[PDB]
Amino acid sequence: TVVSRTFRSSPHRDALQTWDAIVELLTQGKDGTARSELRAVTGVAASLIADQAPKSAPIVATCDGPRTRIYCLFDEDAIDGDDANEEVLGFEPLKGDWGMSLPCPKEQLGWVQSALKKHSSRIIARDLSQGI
């Protein structure tokens, strides 16, 4: 099972507000190590959102359960919101042996993958021209 969501980002939300909304979607109010790790990579994740990395390549969460693909909308699409889908997820999106794959322009992968590795082994980045 795979489900998708689409969040309104800049200029409706700034890049950090966008990540915070994604963290809430994926952690659902649970104060645990998963939420702590997602919050720990905020600088990197917001940087990638500000570069519109998730416009055409999703943030992908994997778990003991359905996969979640998260896209972001920018510019007029974010202002309009017609393509947005921010519904609550009908499952625990980071259950069990979870992971997250962040899209990243290939030229930034060097610094991004190192920056992520400081905080997590479950949150990784990929070249946004490829899937997981």
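Heads up: residue numbers just count along the shown sequence, starting at 1.
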Subject >> Mean Cα B-factor comparison, 47-55 or 89-97, giving the higher one as deposited >> reply: 89-97
**OP:** Look up the CA B-factors in the entry and say which stretch, 74-82 or 29-37, has the higher mean.
**Re:** 74-82
**OP:** Relative to the other modelled residues of the same chain, rank the CA B-factor of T18 and answer lowest, middle or highest third.
**Re:** lowest
Subject >> For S10, the third of its chain into which the C-alpha B factor falls >> reply: middle
Original post:
If you rank the chain by CA B-factor, which third does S120 end up in: lowest, middle or highest?
Top reply: highest
